[PDB]
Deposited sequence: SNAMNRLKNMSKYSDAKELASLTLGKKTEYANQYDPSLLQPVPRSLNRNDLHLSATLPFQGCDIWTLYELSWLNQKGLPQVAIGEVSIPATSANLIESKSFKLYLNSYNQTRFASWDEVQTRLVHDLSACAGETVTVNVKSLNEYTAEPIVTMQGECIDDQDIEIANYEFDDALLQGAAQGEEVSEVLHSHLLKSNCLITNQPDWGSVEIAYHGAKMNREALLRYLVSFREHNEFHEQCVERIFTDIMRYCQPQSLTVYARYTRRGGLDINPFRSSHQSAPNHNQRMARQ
């Protein structure tokens, strides 16, 4: 007997636990959300016939807790052999359980597979910074790579990179939109690549990138948004901004 519905499998992690290392002020310097895509969501209807869907979850960055991804997979797996009366019931339980875990109302949209037919694979906004003629040999984390990286003229720009890797490896693309002194692209790319051997949660990586850019580069406004490939059937896409609340859509990128 596979284990059936079990909300106790969900594991909260307080966001303050990692934010402590970032030495943040009393107020959070960002707002935003963690958007998750649940590619494996499946359960049984009343009559025992399997149902399959994709879930799209948004957890506020102000929630007391994030949800540990493994535990989230195990919790979703507990639906697989459980009978539910309706799709509405499934969506309601996901909101209830994930909101209890996070400590703040979590948004959930349970979508049938046909909602995805002809949907696009997308890239990120702005210019890709990856095509550089530089040598890298040190992959150890080094925030000081951002020392003096913003010395250009005042600009609004959006940059992105597909070279984010952190630690089993996690793989992501990251979009950085800002208004401030123009950022040195070589410094930025070396800084991003220095995560390659570093071990932090995706949500934390994004908050670290945001806070390092804010402290070294002092833009007037900033958004950092990363989209990671799935682990265990789930992906996370942390969005952190000085002024925006969320990305426009949750459209997948090429490796997602």
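Quick one: where does the model skip the deposited sequence?
No C-alpha for residues 1-29, 197-201.
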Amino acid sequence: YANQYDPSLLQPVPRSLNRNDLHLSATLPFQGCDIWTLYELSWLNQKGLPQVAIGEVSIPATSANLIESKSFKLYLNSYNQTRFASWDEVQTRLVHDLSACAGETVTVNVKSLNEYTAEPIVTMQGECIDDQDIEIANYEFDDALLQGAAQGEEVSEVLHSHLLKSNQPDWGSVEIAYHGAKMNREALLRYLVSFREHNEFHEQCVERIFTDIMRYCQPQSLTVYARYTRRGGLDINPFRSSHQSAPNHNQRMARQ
From here on, numbers count along this sequence of modelled residues.
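If you average the CA temperature factors over each stretch, which comes out higher, 231-239 or 16-24?
Higher mean C-alpha B-factor in the PDB entry: 16-24.
Would you mind comparing 169-177 and 149-157 for me and telling me which has the higher average C-alpha temperature factor in the entry?
Stretch with the greater average CA B-factor: 149-157.
Using only the C-alpha B-factors in the record, can you name which of 106, 144, 101, 122 has the highest?
The C-alpha B-factor peaks, among 106, 144, 101, 122, at 144.
Candidate set 113, 136, 95, 118 [ranked by C-alpha B-factor, highest]:
Answer for 113, 136, 95, 118: 136, with the highest C-alpha B-factor.
Compared with the other modelled residues in the chain, in which third is the CA B-factor of residue 8?
Answer is middle: the recorded C-alpha B-factor places it there.
Sorting the chain's CA B-factors, does residue 81 end up in the lowest, middle or highest third?
Middle third.
Should residue 74 be placed in the lowest, middle or highest third of its chain by the C-alpha B factor in the entry?
Answer is lowest: the recorded C-alpha B-factor places it there.
Which third, lowest, middle or highest, does the C-alpha temperature factor of residue 66 belong to within its own chain?
According to the entry, residue 66 has a C-alpha B-factor in the chain's middle third.
Considering only modelled residues of the same chain, in which third does the CA B-factor of residue 42 rank: lowest, middle or highest?
For residue 42, the deposited C-alpha B-factor lands in the lowest third.
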